[PDB]
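So you know, we letter chains A, B, ... as the sequences are listed, proteins then strands, and number each from 1.
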There are 4 protein chains.
Amino acid sequence: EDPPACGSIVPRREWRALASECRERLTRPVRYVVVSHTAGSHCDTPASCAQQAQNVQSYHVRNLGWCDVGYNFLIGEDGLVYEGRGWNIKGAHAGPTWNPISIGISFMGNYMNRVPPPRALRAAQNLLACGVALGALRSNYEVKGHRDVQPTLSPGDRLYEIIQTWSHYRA
Amino acid sequence: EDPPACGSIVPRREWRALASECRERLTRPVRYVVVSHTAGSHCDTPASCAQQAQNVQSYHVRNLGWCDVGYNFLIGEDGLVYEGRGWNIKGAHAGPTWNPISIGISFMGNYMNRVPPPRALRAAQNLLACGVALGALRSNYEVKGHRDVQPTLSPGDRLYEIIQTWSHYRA
Amino acid sequence: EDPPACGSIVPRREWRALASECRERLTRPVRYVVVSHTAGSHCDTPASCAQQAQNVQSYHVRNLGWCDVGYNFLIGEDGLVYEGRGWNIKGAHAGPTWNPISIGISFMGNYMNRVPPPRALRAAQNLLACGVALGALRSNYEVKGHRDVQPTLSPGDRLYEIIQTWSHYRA
Amino acid sequence: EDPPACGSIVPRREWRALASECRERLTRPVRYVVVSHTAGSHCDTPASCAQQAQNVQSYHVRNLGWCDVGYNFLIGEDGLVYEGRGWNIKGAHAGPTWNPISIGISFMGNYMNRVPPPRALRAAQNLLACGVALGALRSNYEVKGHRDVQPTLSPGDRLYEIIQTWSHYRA
């Protein structure tokens, strides 16, 4: 019994999320993390980023008809992590081959022509360390770009270039 | 049917495509058409557009490990249609709910800030008429934007605005 | 009352059902359909299948003490659908996690060593199309086996194998 | 095959029908529906009703020398619809003025002194809704009795009295 308080995660309730209808679970420990971007507007305050998480969920639930926002976690330029489907529920973010064997994290913004600010990158890397510490991720997890597994520009040229330098990145 | 009975399509061989390994079939007549963009470079000559189709296939086959280019057909700004998986083989373009019940056509380019030239739009609309005439599509088929069924900017703001005016578009 | 109600369902009165005491409602549109079997006798005539629906209700009401037959609808090998709790009332068929978010349809018989006849399968698939058309089910609904959500042999090996081939099945 | 049901029709092969030789087509959308009875034996099980459809076809093909059973659809007291010539092929049921502009549905039995059971009537009304939904019938279609267009007792006094109460009936 080794309890970490590792999570500085904004919970669903705090960003005023609609209730999830999703039921399918991931088998922990998970081996893969897929990094994407939302390609929408960016935010840099907790107030605007909470609104942005709502908007992203609203799009996936109301328009696309999904059970919840597709990503397991979202990352703001405010420096905070927003709880999506979390560590235990299967996401809808990288297609049916990868969705069942991965955690999908998405940076809120468009990173074709912009880098995320250092605090966003810290939030993301720390989130992953927390995942390992809980047993949600494998200690030898592997990070993929969204474009490495699906046909897309995501996670953005600038952000893609960055994640390639990460220790756990695998092409 | 006066032999062919429609369509000026560049065949796989002509654009120098790798052989397809895909086996799964669509049930004709198909009800849905999903319009996307490649989000890559655009071309405006048969020589450059044939190369572009190769590049798109190369990405899907060599990197993503797919059986063939994901789209059923591609549209060039040269005014020609490039044969993808065609009318009969299931595509990999709009996820596992839509892939089995739809034809996916993709315009080669990024149409966020650009409209396709009239000849591209003609090629696409004519391709669809040919589909109905063959019995590949239902006479009352419905056109969706890629963004209407998956979380994405595709098919681009400008092109999305255009397809919304089409007779067969359904929100 | 002039209902534009889809499909040919045998109403409660016609199969001589006891009056329901159930009051709790589902939130439409519903996302999930759970397929089970009764594991009892099969019938292949309207006269015997009406009797079978009575017997199934009798068991759930008199012995198990439930407010009505547990299933929303039952399917006969006669090729007809028997009205259970219907589209709007919560069922008692797949436990307390799934009962409030699903429609439960049950085939009358034991399908471990037997397939339902084609007309039973048609009745069931048509019933579901009717559900979507009324707004009772979501257009992107998902079909689960009873065994996929509870520890059970239901809906039978043979029938389970069949529902796996359905378009809306999700594991 | 190809047709994924609609309102649960027993297909030609399932009732073991001889292959149709008919070639003349109706122009959809059709305006008229003529209701008749076979004036033969009634059946109330899928097994007996499948046999009855065979017998009716056998009479029209072997003795009368027709290309197929004359009716577009037949209705059983088992509660099921039997596929005749279907929605697109011209029937032989109400003479040469009406045959080219109508769908002919026939109840299997003699309804002079007998009413069809409610499930037969439901099957018929549902079949017609399916017709409108497919574009085979006009949304403002009109229902005639066989006796309203030809000199005959068909569709039987009891059944004639009933169809007169229908919303789309026109004298």
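Using modelled atom types, one finds no donor on one side chain facing an acceptor on the other under 3.5 Å when comparing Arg158(C) with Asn113(C). Between the side chains of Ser154(C) and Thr152(C), no donor N or O sits under 3.5 Å from an acceptor N or O.
A salt bridge is defined here as a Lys NZ or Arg NE, NH1 or NH2 lying under 4.0 Å from an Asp or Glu carboxylate O, and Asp157(C) with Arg147(C) meets this definition. A salt bridge links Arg122(D) with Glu14(C): the distance from a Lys NZ or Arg NE/NH1/NH2 to an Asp or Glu carboxylate oxygen falls below 4.0 Å. The existence of a salt bridge linking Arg31(C) and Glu142(C) is excluded, since no basic side-chain nitrogen approaches an acidic carboxylate oxygen closer than 4.0 Å. Remark: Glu24(D) does not engage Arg85(D) in a salt bridge, criterion side-chain N to carboxylate O under 4.0 Å. At a threshold of 4.0 Å, the pair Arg23(D)-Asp68(D) does not count as salt-bridged, since none of the basic side-chain nitrogens sits closer than that to a carboxylate oxygen.
Ring pair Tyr169(D)/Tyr160(D) is perpendicular by interplanar angle, where above 60° counts as perpendicular and below 30° as parallel. Using bins of under 30°, 30° to 60° and over 60° for the plane-to-plane angle, the ring pair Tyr32(C)/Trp98(C) lands in the perpendicular bin.
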Let's go through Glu83(D) and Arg13(D) carefully: what are the C-alpha distance in whole Å and the side-chain angles of both, what is the deciding distance for salt bridge (charged side-chain N to carboxylate O under 4.0 Å, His left out) to 0.1 Å, and is it a yes or a no? CA-CA 9 Å; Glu83(D) 189 188 4; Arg13(D) 259 151 266 176; over 6 Å; no
Report the C-alpha separation of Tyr59(D) and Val56(D) in whole Å, then their side-chain angles, then the decisive distance to 0.1 Å, and conclude whether the side-chain contact (heavy atoms from CB on, under 4.5 Å) test is met. CA-CA 5 Å; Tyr59(D) 176 49; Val56(D) 171; 5.9 Å; no
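The neighbour count for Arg16(D) CZ, taken as heavy atoms of other residues, nucleotides or ligands under 6.0 Å away, does not exceed 12. Dense packing is recorded around CZ of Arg170(C), with more than 12 heavy atoms of other residues, nucleotides or ligands lying under 6.0 Å away.
No side-chain heavy atom of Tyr82(D) sits less than 4.5 Å from a side-chain heavy atom of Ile75(D).
Two rings, from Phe107(C) and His37(C), have their centers 6.0 Å or more apart. Aromatic pair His42(C)/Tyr111(C): ring centres not closer than 6.0 Å.
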